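Below is the file start_0.txt, which contains compact mmCIF, C-alpha atoms and all ligand atoms.
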# COMPACT_ATOMS: atom_id res chain seq x y z
CA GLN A 1 0.00 0.00 0.00
CA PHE A 2 3.04 2.35 0.25
CA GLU A 3 4.93 3.42 -2.88
CA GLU A 4 8.65 3.78 -2.36
CA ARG A 5 8.85 6.85 -4.61
CA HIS A 6 6.81 8.71 -1.95
CA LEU A 7 8.95 7.76 1.08
CA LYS A 8 11.26 10.66 1.96
CA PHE A 9 14.22 9.72 4.16
CA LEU A 10 14.66 11.95 7.24
CA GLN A 11 17.09 10.14 9.50
CA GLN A 12 18.17 6.81 10.89
CA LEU A 13 16.50 5.77 14.15
CA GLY A 14 18.27 2.47 14.70
CA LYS A 15 20.68 0.05 13.05
CA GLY A 16 21.97 -3.41 13.86
CA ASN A 17 23.40 -6.07 11.62
CA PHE A 18 20.53 -7.59 9.61
CA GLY A 19 18.21 -4.59 10.10
CA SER A 20 17.66 -0.88 10.52
CA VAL A 21 14.85 1.61 11.08
CA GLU A 22 14.49 5.02 9.46
CA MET A 23 12.36 8.07 10.10
CA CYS A 24 10.67 8.97 6.79
CA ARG A 25 7.85 11.21 5.58
CA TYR A 26 5.19 9.46 3.49
CA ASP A 27 4.09 12.24 1.17
CA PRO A 28 2.13 10.88 -1.82
CA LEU A 29 0.77 14.37 -2.65
CA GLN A 30 4.34 15.78 -2.64
CA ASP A 31 3.13 18.90 -0.79
CA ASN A 32 4.79 18.28 2.62
CA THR A 33 1.52 17.22 4.26
CA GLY A 34 2.21 13.50 4.58
CA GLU A 35 2.68 11.75 7.89
CA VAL A 36 6.05 10.78 9.39
CA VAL A 37 6.40 7.00 9.71
CA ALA A 38 9.02 4.48 10.82
CA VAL A 39 10.50 2.20 8.13
CA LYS A 40 12.28 -1.07 8.92
CA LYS A 41 14.49 -2.74 6.32
CA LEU A 42 17.07 -5.52 6.24
CA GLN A 43 20.77 -4.72 6.09
CA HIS A 44 22.14 -7.90 4.48
CA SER A 45 19.08 -9.48 2.91
CA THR A 46 19.85 -13.17 2.45
CA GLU A 47 16.92 -15.40 1.46
CA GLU A 48 16.74 -16.82 5.00
CA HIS A 49 16.62 -13.36 6.53
CA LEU A 50 13.94 -12.42 3.97
CA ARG A 51 11.70 -15.36 4.93
CA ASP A 52 12.24 -14.47 8.61
CA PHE A 53 11.31 -10.87 7.78
CA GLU A 54 8.08 -11.85 6.03
CA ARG A 55 7.15 -13.92 9.09
CA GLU A 56 8.03 -10.96 11.36
CA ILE A 57 5.75 -8.71 9.30
CA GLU A 58 2.89 -11.22 9.58
CA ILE A 59 3.34 -11.45 13.34
CA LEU A 60 3.25 -7.66 13.78
CA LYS A 61 0.20 -7.29 11.54
CA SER A 62 -1.61 -9.88 13.67
CA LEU A 63 -1.04 -7.86 16.88
CA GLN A 64 -3.42 -5.09 17.98
CA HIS A 65 -2.82 -3.78 21.50
CA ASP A 66 -2.26 -0.41 23.16
CA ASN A 67 1.28 -1.45 24.14
CA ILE A 68 2.44 -2.92 20.81
CA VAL A 69 3.69 -0.64 18.03
CA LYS A 70 1.16 -0.30 15.19
CA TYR A 71 1.69 -1.96 11.84
CA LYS A 72 0.89 0.38 8.93
CA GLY A 73 1.89 -1.54 5.81
CA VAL A 74 4.66 -2.70 3.49
CA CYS A 75 6.64 -1.21 0.63
CA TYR A 76 8.62 -2.96 -2.11
CA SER A 77 10.36 -2.11 -5.38
CA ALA A 78 11.22 -4.15 -8.53
CA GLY A 79 8.87 -7.11 -8.27
CA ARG A 80 9.03 -7.57 -4.49
CA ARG A 81 12.69 -6.82 -3.82
CA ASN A 82 13.90 -4.71 -0.86
CA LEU A 83 10.87 -5.36 1.35
CA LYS A 84 10.22 -2.62 3.92
CA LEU A 85 7.92 -2.64 6.96
CA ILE A 86 5.98 0.58 7.64
CA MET A 87 5.06 1.34 11.26
CA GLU A 88 3.77 4.27 13.27
CA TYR A 89 6.55 6.63 14.37
CA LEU A 90 6.81 7.07 18.12
CA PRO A 91 8.37 10.45 18.90
CA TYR A 92 10.30 9.76 22.11
CA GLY A 93 12.49 6.89 20.77
CA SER A 94 13.53 3.83 22.74
CA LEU A 95 12.82 3.56 26.45
CA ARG A 96 16.52 2.87 26.98
CA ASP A 97 17.51 6.25 25.50
CA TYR A 98 14.49 8.06 26.95
CA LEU A 99 15.18 6.86 30.49
CA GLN A 100 18.87 7.69 30.22
CA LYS A 101 18.11 11.20 29.02
CA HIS A 102 15.30 12.03 31.45
CA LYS A 103 16.31 10.08 34.61
CA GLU A 104 16.04 13.15 36.88
CA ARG A 105 12.32 13.57 36.09
CA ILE A 106 11.20 9.89 36.04
CA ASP A 107 10.27 8.52 39.45
CA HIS A 108 9.56 4.95 40.63
CA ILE A 109 5.79 5.23 40.22
CA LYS A 110 6.40 6.07 36.56
CA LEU A 111 8.83 3.15 36.14
CA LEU A 112 6.09 0.87 37.51
CA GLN A 113 3.58 2.28 35.07
CA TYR A 114 5.96 1.33 32.23
CA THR A 115 6.49 -2.10 33.84
CA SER A 116 2.76 -2.73 33.98
CA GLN A 117 2.29 -1.75 30.33
CA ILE A 118 5.14 -4.02 29.23
CA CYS A 119 3.59 -6.93 31.19
CA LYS A 120 0.22 -6.37 29.55
CA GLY A 121 1.80 -6.36 26.10
CA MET A 122 3.71 -9.57 26.88
CA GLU A 123 0.61 -11.29 28.23
CA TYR A 124 -1.16 -10.44 24.98
CA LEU A 125 1.75 -11.99 23.05
CA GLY A 126 1.46 -15.09 25.22
CA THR A 127 -2.22 -15.51 24.38
CA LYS A 128 -1.19 -15.67 20.73
CA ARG A 129 1.48 -18.29 21.58
CA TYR A 130 4.22 -15.88 20.51
CA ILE A 131 7.65 -16.00 22.19
CA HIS A 132 9.34 -12.60 21.91
CA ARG A 133 12.95 -13.74 22.64
CA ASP A 134 14.40 -10.18 22.62
CA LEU A 135 12.80 -8.33 25.54
CA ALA A 136 15.06 -5.41 26.54
CA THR A 137 14.60 -1.70 27.10
CA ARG A 138 16.30 -1.08 23.72
CA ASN A 139 13.28 -2.79 22.09
CA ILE A 140 10.66 -0.81 24.04
CA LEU A 141 9.49 2.49 22.54
CA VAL A 142 8.00 5.57 24.15
CA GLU A 143 4.87 7.05 22.58
CA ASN A 144 4.43 9.78 25.24
CA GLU A 145 5.38 10.22 28.87
CA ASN A 146 2.52 7.96 29.98
CA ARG A 147 2.64 5.20 27.33
CA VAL A 148 5.25 2.66 26.14
CA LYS A 149 5.02 -0.09 23.50
CA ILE A 150 6.95 -3.21 22.59
CA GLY A 151 8.61 -1.95 19.47
CA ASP A 152 10.48 -4.74 17.64
CA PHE A 153 9.66 -8.37 16.82
CA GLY A 154 12.67 -9.47 14.74
CA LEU A 155 13.35 -12.60 16.87
CA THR A 156 9.78 -13.50 17.76
CA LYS A 157 8.64 -17.11 17.16
CA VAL A 158 5.28 -18.96 17.19
CA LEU A 159 5.17 -22.01 19.42
CA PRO A 160 4.42 -25.34 17.74
CA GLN A 161 0.84 -26.30 18.52
CA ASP A 162 2.01 -29.29 20.61
CA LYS A 163 4.93 -27.82 22.58
CA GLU A 164 5.42 -25.06 25.17
CA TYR A 165 8.95 -24.16 23.95
CA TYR A 166 10.69 -23.44 20.67
CA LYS A 167 14.31 -24.53 20.08
CA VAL A 168 16.47 -22.26 17.92
CA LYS A 169 20.16 -21.27 17.72
CA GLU A 170 20.84 -18.25 15.52
CA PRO A 171 24.41 -17.88 14.20
CA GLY A 172 25.96 -14.66 15.45
CA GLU A 173 25.82 -12.68 18.64
CA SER A 174 22.82 -13.27 20.92
CA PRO A 175 21.77 -10.97 23.78
CA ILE A 176 23.08 -13.53 26.22
CA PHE A 177 22.96 -11.29 29.26
CA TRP A 178 19.14 -11.23 28.97
CA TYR A 179 18.84 -15.00 28.30
CA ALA A 180 17.37 -17.57 30.67
CA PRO A 181 19.81 -20.36 31.63
CA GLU A 182 17.92 -22.98 29.64
CA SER A 183 18.13 -20.64 26.64
CA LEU A 184 21.92 -20.53 27.06
CA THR A 185 22.34 -24.26 27.68
CA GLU A 186 19.64 -25.79 25.47
CA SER A 187 18.52 -23.01 23.08
CA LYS A 188 15.03 -23.43 24.54
CA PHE A 189 12.69 -20.40 24.40
CA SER A 190 9.31 -20.19 26.13
CA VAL A 191 6.92 -17.82 27.88
CA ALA A 192 9.00 -18.56 31.01
CA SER A 193 12.24 -17.45 29.32
CA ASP A 194 10.47 -14.22 28.32
CA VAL A 195 9.65 -13.86 32.01
CA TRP A 196 13.35 -14.24 32.88
CA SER A 197 14.17 -11.49 30.37
CA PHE A 198 11.36 -9.36 31.76
CA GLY A 199 13.16 -9.51 35.07
CA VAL A 200 16.25 -8.16 33.36
CA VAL A 201 14.16 -5.34 31.83
CA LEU A 202 12.89 -4.46 35.30
CA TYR A 203 16.50 -4.41 36.51
CA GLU A 204 17.43 -2.08 33.61
CA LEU A 205 14.62 0.30 34.47
CA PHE A 206 15.63 0.60 38.09
CA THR A 207 19.29 1.21 37.14
CA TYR A 208 18.11 4.18 34.99
CA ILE A 209 20.55 2.80 32.38
CA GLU A 210 23.58 3.90 34.35
CA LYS A 211 26.76 3.14 32.36
CA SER A 212 28.56 0.61 34.49
CA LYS A 213 25.35 -0.94 35.86
CA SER A 214 24.19 -2.54 32.58
CA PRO A 215 23.62 -6.30 32.61
CA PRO A 216 26.67 -6.88 30.35
CA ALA A 217 28.90 -4.75 32.62
CA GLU A 218 27.72 -6.40 35.86
CA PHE A 219 27.91 -9.95 34.50
CA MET A 220 31.38 -9.39 33.00
CA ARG A 221 32.62 -8.11 36.35
CA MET A 222 31.12 -11.10 38.13
CA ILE A 223 32.85 -13.61 35.83
CA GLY A 224 36.06 -11.59 35.42
CA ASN A 225 36.64 -9.10 32.59
CA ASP A 226 39.55 -11.26 31.40
CA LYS A 227 37.23 -14.01 30.09
CA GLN A 228 37.31 -14.16 26.32
CA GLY A 229 35.12 -15.41 23.54
CA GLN A 230 33.32 -18.65 24.07
CA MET A 231 34.37 -18.95 27.70
CA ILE A 232 32.09 -15.96 28.42
CA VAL A 233 28.98 -18.07 27.79
CA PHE A 234 30.37 -21.03 29.69
CA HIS A 235 31.20 -18.88 32.71
CA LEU A 236 27.82 -17.14 32.60
CA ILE A 237 26.13 -20.53 32.64
CA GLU A 238 28.15 -21.57 35.65
CA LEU A 239 27.48 -18.28 37.42
CA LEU A 240 23.74 -18.61 36.92
CA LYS A 241 23.79 -22.27 37.91
CA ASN A 242 25.28 -21.26 41.29
CA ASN A 243 22.61 -18.60 41.77
CA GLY A 244 24.81 -15.64 40.90
CA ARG A 245 22.50 -12.75 40.04
CA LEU A 246 22.46 -9.08 39.11
CA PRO A 247 22.54 -6.87 42.24
CA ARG A 248 19.68 -4.76 43.60
CA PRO A 249 19.96 -1.38 41.80
CA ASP A 250 20.66 1.75 43.86
CA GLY A 251 17.39 2.98 45.35
CA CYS A 252 15.39 -0.07 44.29
CA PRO A 253 12.91 -1.18 47.03
CA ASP A 254 13.22 -4.75 48.29
CA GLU A 255 9.81 -5.77 46.99
CA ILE A 256 10.73 -4.73 43.45
CA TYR A 257 14.05 -6.51 43.65
CA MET A 258 12.07 -9.52 44.86
CA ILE A 259 9.94 -9.48 41.69
CA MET A 260 13.22 -9.52 39.75
CA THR A 261 14.70 -12.42 41.68
CA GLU A 262 11.53 -14.49 41.27
CA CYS A 263 11.67 -13.93 37.52
CA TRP A 264 15.27 -15.20 37.68
CA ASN A 265 14.36 -18.69 38.96
CA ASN A 266 16.54 -21.47 37.59
CA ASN A 267 13.40 -23.64 37.79
CA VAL A 268 11.52 -22.75 34.62
CA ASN A 269 8.17 -23.85 36.03
CA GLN A 270 8.37 -21.72 39.20
CA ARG A 271 8.67 -18.36 37.44
CA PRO A 272 5.54 -16.17 37.76
CA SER A 273 3.10 -15.55 34.92
CA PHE A 274 2.85 -12.15 33.23
CA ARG A 275 -0.62 -11.78 34.68
CA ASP A 276 0.70 -12.31 38.20
CA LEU A 277 3.52 -9.86 37.50
CA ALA A 278 1.04 -7.19 36.41
CA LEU A 279 -1.08 -7.87 39.50
CA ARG A 280 1.83 -7.48 41.91
CA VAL A 281 3.21 -4.39 40.15
CA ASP A 282 -0.21 -2.73 40.05
CA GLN A 283 -0.76 -3.41 43.74
CA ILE A 284 2.57 -1.81 44.60
CA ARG A 285 1.69 1.14 42.35
CA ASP A 286 -1.59 1.61 44.21
CA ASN A 287 0.21 1.45 47.57
CA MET A 288 2.65 4.14 46.45
CA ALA A 289 -0.18 6.45 45.29
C1 LIG A 301 17.71 -4.62 15.02
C2 LIG A 301 18.30 -3.21 15.10
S1 LIG A 301 16.94 -2.14 14.59
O1 LIG A 301 17.45 -0.95 13.93
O2 LIG A 301 16.00 -2.72 13.61
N1 LIG A 301 16.09 -1.69 15.96
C3 LIG A 301 14.62 -1.55 16.11
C4 LIG A 301 14.90 -0.50 17.09
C5 LIG A 301 14.69 -1.02 18.50
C6 LIG A 301 13.22 -1.08 18.88
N2 LIG A 301 12.10 -1.14 18.97
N3 LIG A 301 14.27 0.76 16.90
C7 LIG A 301 13.02 0.97 16.54
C8 LIG A 301 12.83 2.35 16.56
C9 LIG A 301 11.59 3.19 16.31
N4 LIG A 301 11.67 4.45 16.70
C10 LIG A 301 10.62 5.25 16.58
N5 LIG A 301 9.47 4.81 16.11
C11 LIG A 301 9.31 3.50 15.73
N6 LIG A 301 8.22 2.81 15.22
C12 LIG A 301 8.57 1.53 15.00
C13 LIG A 301 9.90 1.38 15.37
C14 LIG A 301 10.37 2.65 15.83
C15 LIG A 301 14.05 2.90 17.01
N7 LIG A 301 14.89 1.91 17.19
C16 LIG A 301 16.33 -0.50 16.79

Transcribe the structure of this file into structure tokens.
Ligand SMILES: CCS(=O)(=O)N1CC(CC#N)(n2cc(-c3ncnc4[nH]ccc34)cn2)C1
Amino acid sequence: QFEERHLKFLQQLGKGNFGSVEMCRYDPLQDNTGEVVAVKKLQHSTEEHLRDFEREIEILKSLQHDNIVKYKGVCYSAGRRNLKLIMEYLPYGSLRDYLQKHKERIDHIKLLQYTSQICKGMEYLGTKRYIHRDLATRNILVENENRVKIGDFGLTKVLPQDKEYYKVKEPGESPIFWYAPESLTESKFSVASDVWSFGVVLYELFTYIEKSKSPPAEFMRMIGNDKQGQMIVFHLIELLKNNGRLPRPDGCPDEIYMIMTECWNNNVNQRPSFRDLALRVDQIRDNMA
């Protein structure tokens, strides 16, 4: 539904290997009245990455929720080459950058509002049997000061109809410091591993994205900054197997840290549900108010 000739590039909003997102104006009348949109494209579009991208687009189109970024459409040139995903543009960028840049004005009650919205989005995913696999504040977007949305679904998988986990090992770097132990050891991803990652997101929020307090920084100190290459993963596994954990962030109340530590249960089946997480967070919010 979008013609590429009418997409006007404004700036880059994000870039990894395999993908990037741009701020563009969609201006079919060419009179500078069109709306600004976000445009995701692949960076090294192998056929495998293209099939994954088409599945990612279908997943996002199937999702309709206040805390999930809105699908708008697709754009392609020359037959169907250089597929692009069109999404609503959210003006405050990623929650990671937003929180870092406005930490002095964002209090704990606001952090818990964001936490509750992220839980509701994840519960919605879970009802569709979708496993996100990449939950992190860098993949959460800020629509306004009172509303956040899960913003990227590049790694999201649909569970088989007969199993409660999905096994996958992607070649390349993996956000291992957000991964549940069974995801590190067995490449097993589930609603429960998303819950483990959600605990890491909650940690991130209460660190306010302070430099040396990031999960990678804290875990690398705990295993020794000398560890190199593959040993990193091995040592992380051993650390988590012995119940090594990220510390309580400065100023974090004990009850919030306790939500984190319960998400970080080595026993997959004893981690809370996203509905229970939302319930506990919302009760704490109400107590604070
Ligand atoms: C895999 C690296 S990436 O470039 O594809 N990636 C997605 C990313 C993280 C998230 N979410 N990103 C999205 C935006 C963004 N900003 C403003 N409005 C928006 N609408 C839809 C996306 C969006 C900014 N960064 C950075």

Excluding range 67-81 of chain A and residues on its chain fewer than 3 positions from it, collect all residues at most 6 Å away from it, counting all atoms listed in the file, and give them as a JSON list (two decimals) with C-alpha atoms, in the frame of the given file.
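Result written to part.json:
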[["chain", "number", "residue", "atom", "x", "y", "z"],
["A", 2, "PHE", "CA", 3.04, 2.35, 0.25],
["A", 61, "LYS", "CA", 0.20, -7.29, 11.54],
["A", 84, "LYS", "CA", 10.22, -2.62, 3.92],
["A", 85, "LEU", "CA", 7.92, -2.64, 6.96],
["A", 86, "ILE", "CA", 5.98, 0.58, 7.64],
["A", 87, "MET", "CA", 5.06, 1.34, 11.26],
["A", 88, "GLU", "CA", 3.77, 4.27, 13.27],
["A", 121, "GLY", "CA", 1.80, -6.36, 26.10],
["A", 149, "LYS", "CA", 5.02, -0.09, 23.50],
["A", 150, "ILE", "CA", 6.95, -3.21, 22.59],
["A", 151, "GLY", "CA", 8.61, -1.95, 19.47]]

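Relative to CA of residue 190 in chain A, CA of residue 131 in chain A is found at 6.0 Å.
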
Using only C-alpha atoms and all ligand atoms, what are the residues with an atom within 6 Å of ligand LIG 301 (chain A), set out as a VMD selection string?
-> chain A and resid 13 to 16 19 to 21 38 87 to 90 93 to 94 138 to 141 151 to 152

Using all atoms listed in the file, find all polymer residues with an atom at most 12 Å away from the point (12.8, 9.7, 40.5); report them as a PyMOL selection string.
-> chain A and resi 99+102-112+205-208+250-252

Using all atoms listed in the file, determine which residues lie at most 10 Å from range 241-246 of chain A, disregarding the query and same-chain residues fewer than 4 positions distant; provide the list as a list in words.
-> residues 181, 200, 203, 213, 214, 215, 216, 218, 219, 222, 223, 235, 236, 237, 257, 260, 261, 264, 265 and 266 of chain A

Shell around residue 34 in chain A at 10 Å using all atoms listed in the file, local window under 2 positions removed, as a PyMOL selection string | chain A and resi 6-8+24-32+36-37

Write the residues of the preceding selection, restricted to C-alpha atoms, as a PDB file, in the frame of the given file.
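Once everything was written out, this is part.pdb:
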ATOM      1  CA  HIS A   6       6.810   8.710  -1.950  1.00  0.00           C
ATOM      2  CA  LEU A   7       8.950   7.760   1.080  1.00  0.00           C
ATOM      3  CA  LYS A   8      11.260  10.660   1.960  1.00  0.00           C
ATOM      4  CA  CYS A  24      10.670   8.970   6.790  1.00  0.00           C
ATOM      5  CA  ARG A  25       7.850  11.210   5.580  1.00  0.00           C
ATOM      6  CA  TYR A  26       5.190   9.460   3.490  1.00  0.00           C
ATOM      7  CA  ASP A  27       4.090  12.240   1.170  1.00  0.00           C
ATOM      8  CA  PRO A  28       2.130  10.880  -1.820  1.00  0.00           C
ATOM      9  CA  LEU A  29       0.770  14.370  -2.650  1.00  0.00           C
ATOM     10  CA  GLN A  30       4.340  15.780  -2.640  1.00  0.00           C
ATOM     11  CA  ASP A  31       3.130  18.900  -0.790  1.00  0.00           C
ATOM     12  CA  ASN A  32       4.790  18.280   2.620  1.00  0.00           C
ATOM     13  CA  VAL A  36       6.050  10.780   9.390  1.00  0.00           C
ATOM     14  CA  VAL A  37       6.400   7.000   9.710  1.00  0.00           C
TER      15      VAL A  37
END

Find the residue from A:117, A:249, A:123, A:178 that sits nearest to residue 212 in chain A; use only C-alpha atoms when measuring.
->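 Using only C-alpha atoms, the shortest distance to residue 212 in chain A belongs to A:249.
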
Quote the spacing between CA of residue 23 in chain A and CA of residue 142 in chain A in Å to one decimal place.
->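 Those two atoms sit 14.9 Å apart.
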
Taking into account all atoms listed in the file, which residue in the set A:45, A:115, A:137, A:17 is nearest to residue 279 in chain A?
-> A:115

For residue 136 in chain A, the nearest of the candidates A:62, A:197, A:267, A:100, counting only C-alpha atoms |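 Between A:62, A:197, A:267, A:100, the residue approaching residue 136 in chain A most closely is A:197.
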
If you measure from CA of residue 193 in chain A to CA of residue 179 in chain A, what distance in Å do you get, rounded to one decimal?
->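 Distance between the two atoms: 7.1 Å.
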
So that all listed atoms of range 34-38 of chain A fit with 6 Å spare on each side, what axis-aligned box centre and edge lengths in Å, to one decimal, would you give as AutoDock Vina command-line options?
--center_x 5.6 --center_y 9.0 --center_z 7.7 --size_x 18.8 --size_y 21.0 --size_z 18.2

Polymer residues at most 10 Å from (6.0, -5.4, 32.5) by all atoms listed in the file, as JSON, numbers by chain | {"A": [111, 112, 113, 114, 115, 116, 117, 118, 119, 120, 121, 122, 123, 195, 198, 199, 201, 202, 274, 275, 277, 278, 281]}

Determine, counting only C-alpha atoms, which protein, DNA and RNA residues have an atom within 12 Å of an atom of residue 52 in chain A; residues of the same chain fewer than 5 positions away are not included. Present the result as a ChimeraX atom specification.
-> /A:18-19,42,45-47,57-59,83,153-158,170
